[PDB]
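Inside the fold
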There are 2 protein chains.
Amino acid sequence: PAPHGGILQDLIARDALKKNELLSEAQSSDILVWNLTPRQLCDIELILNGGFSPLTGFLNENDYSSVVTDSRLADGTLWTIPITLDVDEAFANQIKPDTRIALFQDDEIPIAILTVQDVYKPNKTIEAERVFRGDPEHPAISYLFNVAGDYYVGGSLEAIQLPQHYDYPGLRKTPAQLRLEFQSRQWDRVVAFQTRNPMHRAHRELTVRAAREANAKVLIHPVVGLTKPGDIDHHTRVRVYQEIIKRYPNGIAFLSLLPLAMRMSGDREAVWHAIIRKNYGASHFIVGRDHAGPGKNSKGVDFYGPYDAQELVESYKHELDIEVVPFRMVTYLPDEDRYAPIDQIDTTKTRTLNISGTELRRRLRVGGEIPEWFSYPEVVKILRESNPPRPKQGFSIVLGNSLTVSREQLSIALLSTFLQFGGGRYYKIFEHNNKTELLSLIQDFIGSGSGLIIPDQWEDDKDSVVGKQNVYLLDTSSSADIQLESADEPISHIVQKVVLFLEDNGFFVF
Amino acid sequence: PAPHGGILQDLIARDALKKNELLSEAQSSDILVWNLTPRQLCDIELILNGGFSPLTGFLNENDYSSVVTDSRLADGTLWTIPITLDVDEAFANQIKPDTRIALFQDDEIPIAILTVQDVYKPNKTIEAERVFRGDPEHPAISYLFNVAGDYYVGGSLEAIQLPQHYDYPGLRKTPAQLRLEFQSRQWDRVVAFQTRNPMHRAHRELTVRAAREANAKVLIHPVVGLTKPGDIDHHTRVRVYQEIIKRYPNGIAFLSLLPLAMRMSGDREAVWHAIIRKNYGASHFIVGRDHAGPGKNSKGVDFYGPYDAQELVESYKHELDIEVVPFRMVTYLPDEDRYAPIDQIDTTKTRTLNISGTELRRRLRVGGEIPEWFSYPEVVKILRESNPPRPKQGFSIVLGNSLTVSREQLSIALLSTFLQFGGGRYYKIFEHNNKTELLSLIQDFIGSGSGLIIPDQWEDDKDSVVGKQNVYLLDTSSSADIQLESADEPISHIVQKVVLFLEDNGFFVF
Ligand SMILES: Nc1ncnc2c1ncn2[C@@H]1O[C@H](COP(=O)(O)OS(=O)(=O)O)[C@@H](O)[C@H]1O
Ligand SMILES: Nc1ncnc2c1ncn2[C@@H]1O[C@H](COP(=O)(O)OS(=O)(=O)O)[C@@H](O)[C@H]1O
Ligand SMILES: [Ca+2]
Ligand SMILES: [Ca+2]
Ligand SMILES: [Ca+2]
Ligand SMILES: [Ca+2]
Ligand SMILES: [Ca+2]
Ligand SMILES: [Ca+2]
Ligand SMILES: [Mg+2]
Ligand SMILES: [Mg+2]
Ligand code: NA
Ligand code: NA
Ligand code: NA
Ligand code: NA
Ligand code: NA
Ligand code: NA
Ligand code: NA
Ligand code: NA
Ligand code: NA
Ligand code: NA
Ligand code: NA
Ligand code: NA
């Protein structure tokens, strides 16, 4: 179908004859420079390559308010997710309309020249409730208030180059490239599959089922820009993707990476994804259960209903200009060893089986077996390798403030005790002395599978520098992960307590 | 590098706006029509897509002659393999210069319009001697004499479309498409690897070494058009290539199929391959041992010296404009568990191991084990599935003319006996009644793994219609594969001789 709004706004093509000139302006001594954030990098690439057509820059207050309240750009164009350049007061104060700012990547690579239209201070609570449904634990809201600048800068963009990427040079196709790919294959019907998670048997079946339903070739279009915090990394996922694409009949599927930054915005996001897939050359788009939804909040309640996205998308059906292929929960059928949409079964008579993501993380954490029917063996292998079970995981034991015993001796005892277990883990007594340079390496070691014995705590102001993953507190306090009986509990007694705790939590298996 | 001759003669692009017009002409009642042969389809695709630049059609007597005697086109351009349109006397006689013939595929798909420049009867003896070195067993010479037309038609082409292929839709990249694939990845140095055989450890190793020495990315460019008679089918080889591509470091290699029709003309073909790969965008081309060589004839003598191709290519070095990366025999060193060119070892103090194609076929024929050091397991599995061991192979037993026992009864006896053994094979008593429509089916059954019991011989003038693989003659004559003691030998006695013969040759295993 035609790109949204009718014209693929591929600004790299458009501005090809201005590259040299633009390149020089960005590197000039007098121009104002803004280093793009990782989310702004994902967005600008989608803007510059035509993926966000009809967009040609970051939204000004007028288009943004319309998107916020109407799910449309000022001119009525259907657009549900606001794409804005968020900066701080300090930088904002340095600009006015007509100003030309140069946008860089890593303070080295010039990306584009932005021509300012306006500078405004959005009300984040309206944006938070209107676009994302207001729940503070929502990834998009949490980001909006804790990471995004308080000032947005609207303006038109002029391309210099798409953001740099060194992984998968050939796989990140632009809308124009993907289109030639389909074309060279004479693919006039293509159903796209959005995904930010690894694909399992269920996913493979619903995509093939969609291919057969729509008489279309299959496009696996995974997101490799930002997704939901805690997701399985994109490198591990590409490997899972490149592995599962081989379980499709030869010549039916095509894999392409999408550097999009999701907002995990359920129904609104699905609408957005469809627009994006149409721009990329798909004629059909899949929207399954809880599409782009972030699950449930700490209180156990749904951010979106399991089929809100399908409903919202269904309502814009006639103006989307891309065919939506909906699916109800596809589940496994033990008694028939096959997969099928829950809306075509049940009513009792047939038993169904499902393994939730929570159940999988857990199987991966304990080293438990994962059913041959659930996923493909080689996919499970790739997942176990990058998300190793507890006995292969790193961890840190932090000697609390309350300790009265010898910190030097308690550390040595823990180090020697741990070293006698063996099993390939590397241990170290780690002194951070409250230095950020050091504090920030803690999670690197844990990520490497190492066990760190930490002699004393870091001051509270520094706490934010350290991830708390697999970091455990030894102390007399009630908030200690490993609770001491007394501040001066003898060393041997403490070592046993720590050893058995680490074993109870699977770090040690004898 | 620049295409051979300066311009990529991509006639599909050149004639894009003439497509509808050329199609109309091609389908007019009046126009003379010639249906392309398989080799011609291979050659026409390479001419129409620019793979054969500077060629823009099939050679006229002038260029053809130059090439045969001079390894150059009339204008001096280096070119070693004549590419001509061979037709029969009947067709040639209707042709006149300045005429426009329509070239079709499968007598239905119009491929191109040929404007004739001349029609001539080449001296096939000179061509066989000068271009293919004269041995009558050389595939190129056998083809030249038993299949190719006796008249050549030189003329320029106007493209309607490249030949149709429904297998591997996106893998047959045209020179323009590959050049784009490379550019999108920023690949400016690419070393190409030619091949018509499955790839094993040695091949992976030499292509990577080539990548390292030349500081270039890798292009696996296998031939999927005509190759040597008896080669592993291209579908099987493609699966092999697709599997082995995964054993290269991520992002270092690209797979692209080449619809070339080889002539197995060693050194001359090597130069030709260099020119072709240059046209497809490669900056380097690998030339190993006995490049494009068909091996040895009947008397065991070599068609080419193992390094003639390297010598010829070297002598045209400054003309080729594509860097040749030569390799001496790459072999296995058991004691160091690695592969290496033989020129950089031996000293008669270093052990080397190798498995010839002959040794491999054989290991596959008996279901023998293949060293994990020789090839990757996934590759071997694919090879066994397509070229299965004798117990999984089909065969035919032909009751010879000499036989005086009941053909009907001997047939049933053989059928009932084979059926006792089980093992999956399907058996049928097959009466051809000397009808070629039936005789032509014998090899399909053998190909299907079946056992055929054929009660009587077919006319001598029909032998050509029937393949020879796994077809055995039961007779009293010396030419019998299973020789009877007398034409009236009792059935049970004949049955035992047959059963034990098939066991001796592996078809049955108890
Ligand atoms: N079991 C399932 N049944 C139906 N749809 C599913 C199922 N699992 C995943 N999907 C769909 O697969 C697509 C991508 O899935 P995910 O990667 O888990 O999440 S999402 O955020 O990209 O939507 C979505 O359309 C989603 O609704
Ligand atoms: N063991 C080897 N050592 C060096 N070169 C080899 C070896 N095996 C194959 N080659 C080279 O690999 C390329 C393709 O090999 P083949 O498919 O067997 O035959 S060819 O007809 O295309 O040359 C050729 O350059 C050939 O000379
Ligand atoms: Ca703020
Ligand atoms: Ca729910
Ligand atoms: Ca005490
Ligand atoms: Ca003849
Ligand atoms: Ca030899
Ligand atoms: Ca007798
Ligand atoms: Mg990029
Ligand atoms: Mg073709
Ligand atoms: Na349209
Ligand atoms: Na820097
Ligand atoms: Na709802
Ligand atoms: Na419409
Ligand atoms: Na439809
Ligand atoms: Na416990
Ligand atoms: Na026909
Ligand atoms: Na002669
Ligand atoms: Na060089
Ligand atoms: Na020689
Ligand atoms: Na040159
Ligand atoms: Na024998």
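Residues numbered from 1 in each chain as written, not as in the entry; some residues may be left out. Chains lettered and ligands numbered in written order. Part of a larger assembly, values for the part shown. Heavy atoms only, no water.

Regarding how it was determined, this PDB entry cites X-ray crystallography in its header, along with a resolution of 2.60 Å.

Further remarks concern the overall build of chain A. The secondary structure content of chain A amounts to 19 helices and 18 strands. With respect to the three principal axes, the spread of C-alpha positions in chain A is 75 × 70 × 40 Å. Within chain A, the proportion of its 510 residues that are buried is 52%. A sequence separation of at least 24 residues applies to 72% of the contacts in chain A between residues at least 6 apart. Carbon together with sulfur atoms contributes 48% to the accessible area of chain A, which is approximately 23,100 Å² in total. (Helix = DSSP H or I, 4+ residues; strand = E, 2+ residues; numbered from the N terminus. Buried < 20%, exposed > 50% of the residue type's maximum accessible area, 1.4 Å probe, protein only. Contact = heavy atoms within 4.5 Å. Areas by Shrake-Rupley, 256 points an atom, 1.4 Å probe, with all protein chains shown as cover.)

Right, let's talk about the coordination of the calcium ion (ligand 6) for a bit. The protein atoms that coordinate the calcium ion (ligand 6) are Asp150 of chain B (OD) and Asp150 of chain B (OD), at distances of 2.2 to 2.6 Å. Residue placement: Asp150 of chain B occurs in the loop between helix 7 (139-146) and strand 6 (151-159). (Donors = N, O, S within 2.8 Å, 3.2 Å for Na, K, Ca; no water.)

The interface of chain A with chain B comprises 12 residues on the first partner and 12 residues on the second. Scanning the region where chain A abuts chain B turns up 0 salt bridges. The interface formed by chain A and chain B holds 0 residue pairs in polar contact in total. Here the side of chain A that touches chain B is built from residues that sort into 2 nonpolar, 6 polar and 4 charged. (Salt bridge = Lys/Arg side-chain N within 4 Å of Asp/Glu carboxyl O. Polar contact = N/O pair within 3.5 Å; in protein donor to acceptor, adjacent residues only side chain to side chain. Nonpolar A, V, L, I, M, F, W, Y, C, P; charged D, E, K, R; others polar.)

Once that is clear, we can look at the site of ligand 1. Residue and element names in this part refer to chain A. In the vicinity of ligand 1 lie 17 residues, with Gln194, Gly288, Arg289, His291 and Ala292 positioned nearest. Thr195 has a polar side-chain atom sitting 3.1 Å from an oxygen atom of ligand 1. Within the backbone of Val330, a nitrogen or oxygen atom sits 2.9 Å from a nitrogen atom of ligand 1. Across the complex, the protein chains shield 90% of the 540 Å² of accessible surface that ligand 1 would expose by itself. Elements that contribute at least two residues to the shell around ligand 1 include exactly strand 7 (190-195), helix 9 (201-214) and strand 10 (284-287). At 3 residues, strand 7 tops the list of elements feeding residues into the shell around ligand 1. Residue composition of the shell around ligand 1, grouped by class: 8 nonpolar, 6 polar and 3 charged. (Near = heavy atom within 4 Å.)

Residue and element names in this part refer to chain B. In the neighbourhood of ligand 2, 16 residues make up the surrounding shell, with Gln194, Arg289, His291, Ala292 and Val330 lying closest. Contacts to ligand 2 include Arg196, whose backbone N or O atom sits 2.9 Å from an oxygen atom. In this structure, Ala292 approaches ligand 2 through a main-chain N or O atom, which is 2.8 Å from an oxygen atom. Mapped onto the shell around ligand 2, the elements with two or more residues apiece are strand 7 (190-195) and helix 9 (201-214). The biggest single contributor to the shell around ligand 2 is strand 7, with 3 residues. Partitioning the shell around ligand 2 into residue classes produces 7 nonpolar, 6 polar and 3 charged.

Time to look at the packing of helix 6 (residues 124-132) of chain A against helix 7 (residues 139-146) of chain A. Residues and elements named next belong to chain A. Viewed as axis vectors pointing N to C, helix 6 and helix 7 meet at an angle of 165°, and their least axial separation amounts to 10 Å. Between helix 6 and helix 7, the crossing angle belongs to the class labelled roughly antiparallel. Crossing of helix 6 against helix 7: the hand is right-handed. In this structure, helix 6 uses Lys124, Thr125, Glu127, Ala128 and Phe132 to contact helix 7, whose residues at the interface are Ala140, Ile141, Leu144 and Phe145. (Axes fitted to C-alpha atoms, helices over the stretch in contact; angles between N-to-C directions. Parallel < 35°, antiparallel > 145°, perpendicular 65-115°, else oblique. Left-handed = near helix turned anticlockwise from the far one by under 90°.)

Residues and elements named next belong to chain A. Residues annotated in UniProt with the feature "binding site: sulfate" correspond here to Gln194, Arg196 and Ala292. In summary, the annotated positions, though distributed over 99 residues, converge in three dimensions, the widest C-alpha pair being only 8.7 Å. Looking at the secondary structure, you find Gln194 in strand 7. Residues contacting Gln194, with those up to four places away along its chain left out, are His221, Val223, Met262, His273, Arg277, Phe285 and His291. A distance of 3.5 Å separates the side chain of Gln194 from the side chain of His273, its partner in a polar contact. Residue placement: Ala292 occurs in the loop between strand 10 and helix 12 (308-315). Here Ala292 falls in the buried class, since its relative accessible area comes to 11%. Ignoring anything within four residues of it in the chain, the contact list for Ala292 reads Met262, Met264, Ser265, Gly266, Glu269 and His273. (UniProt positions renumbered as here; feature names shortened; annotations may be inferred.)

Residue and element names in this part refer to chain B. By secondary structure assignment, the location of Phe193 is in strand 7. Given the relative accessible area of 8%, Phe193 is considered buried. With 91 residues separating them along the chain, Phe193 and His284 place their C-alpha atoms 9.0 Å apart. Setting aside its immediate chain neighbours within four residues, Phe193 contacts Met199, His203, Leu206, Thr207, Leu219, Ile220, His221, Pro222 and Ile286.

Now for the coordination of the sodium ion (ligand 18). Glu129 of chain B (OE) and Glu129 of chain B (OE) make up the full set of protein donors to the sodium ion (ligand 18), lying at 2.1 to 2.6 Å. With respect to the secondary-structure elements, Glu129 of chain B resides in helix 6 (residues 124-130).

Below, the discussion takes up the pairing of strand 13 (residues 338-341) of chain A. All names here are of chain A. Looking at chain direction, strand 12 (residues 330-333) and strand 13 are connected through 4 bridges and run antiparallel. Bridge pairing in strand 13 places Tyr332 opposite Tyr339. Hairpin connection of strand 12 to strand 13: 4 residues between the antiparallel strands, including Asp337 at a positive phi of 40°. (Pairing = 2+ DSSP bridges.)

All told, the structure shown has 46 aromatic pairs over all chains when counted by the stated rule. Relative to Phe91 of chain A, the ring of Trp34 of chain A has its centre 5.0 Å away and its plane inclined at 55°; by these criteria the two rings are tilted. Of this pair, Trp34 of chain A sits in strand 1 (residues 32-35) while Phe91 of chain A sits in helix 5 (residues 89-92), placing them 57 residues apart in sequence. The burial state of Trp34 of chain A is the same as that of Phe91 of chain A; both residues are buried. Arranged with centres 5.3 Å apart and planes meeting at 50°, the rings of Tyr332 of chain B and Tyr339 of chain B form a pair that is tilted. An aromatic cluster of at least three residues, connected via ring pairs, comprises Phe395, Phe418, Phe421, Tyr427, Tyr472, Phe501, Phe507, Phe508 and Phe510 of chain A. (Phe/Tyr/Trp six-rings, centres within 6.5 Å; stacked < 30°, edge-to-face > 60°.)

A word on the relation of the copies chain A and chain B. Each copy of the sequence occupies a distinct position, and chain A is placed on chain B by a rotation of 179° and an axial shift of 0.0 Å, giving an RMSD of 0.3 Å. The superposition operator between the copies reduces to a two-fold rotation axis. Interface overlap between copies is the fraction of interface residues in one copy that are interface residues in the other; for chain A against chain B it reaches 92%, indicating a shared surface. (Least-squares fit on C-alpha atoms.)

Another point: the pattern of salt bridges. When the charged atoms of two side chains lie near each other, side chains of opposite charge can form a pair. Inspection of every chain in the model, using the stated rule, returns 49 salt bridges over all chains. For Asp335 of chain B, the salt bridge goes to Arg351 of chain B, with nearest N and O atoms at 2.8 Å. In this pair, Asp335 of chain B sits in the loop between strand 12 (330-333) and strand 13 (338-341) while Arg351 of chain B sits in the loop between strand 13 and helix 14 (357-366), placing the two residues 16 residues apart along the sequence. You can call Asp335 of chain B exposed: its relative accessible area is 60%. A single network of salt bridges, built from pairs that share partners, joins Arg14, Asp15, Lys18, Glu25, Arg100 and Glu158 of chain A.

All names here are of chain A. Taken in spatial order, the 5 strands line up as 15-16-14-17-18 in an open sheet, and their pairing is parallel. On the outer flanks of this sheet lie strand 15 (427-429) and strand 18 (482-483), each paired with one strand and no other. Seen against the sheet, helix 16 (residues 407-421) touches strand 14 (395-399), strand 15, strand 16 (451-454) and strand 17 (471-475) and runs at an angle of roughly 175° to strand 15.

A few words on the domain arrangement of chain A. Residues and elements named next belong to chain A. Taken as a whole, chain A is organised into domain 1 (1-188), domain 2 (189-388) and domain 3 (389-510). Computed over C-alpha atoms, the centres of domain 2 and domain 3 are 39 Å apart. The interface is formed by 7 residues belonging to domain 2 together with 4 residues belonging to domain 3. Surface buried jointly by domain 2 and domain 3 totals about 380 Å² across both partners, of which 60% is contributed by carbon and sulfur atoms. (Domains from an automatic or database assignment. Buried area = accessible area lost by both parts, 1.4 Å probe.)

Our next topic: the UniProt feature "active site" in chain A. Residues and elements named next belong to chain A. Taking the UniProt record as the reference, the feature "active site" is found at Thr195, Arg196 and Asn197. Topologically, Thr195 is positioned in strand 7. The contacts of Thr195, once residues within four sequence positions are left out, are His221, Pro222, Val223, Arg237 and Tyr241. At 2.9 Å, the side chain of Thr195 and the backbone oxygen of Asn197 are in polar contact. Within the fold, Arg196 resides in the loop between strand 7 and helix 9. Once residues lying within four places of it in the same chain are set aside, the contact partners of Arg196 are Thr227, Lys228, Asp231, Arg237, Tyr241, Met262, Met264 and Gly293.

With that settled, the discussion passes to the sheet that holds strand 9 (residues 253-255) of chain B. Residue and element names in this part refer to chain B. Taken in spatial order, the 5 strands make up an open sheet running 9-8-7-10-11, and their pairing is parallel. Among the strands making up the open sheet, the edge pair consists of strand 9 and strand 11 (323-326). Across the sheet, the mean angle from the axis of one strand to that of its neighbour is 30°, orientation sign disregarded. Note: strand 8 (residues 217-222) against strand 9, 3 bridges, orientation parallel. Its bridge partner lying in strand 9, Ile220 is registered against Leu255.

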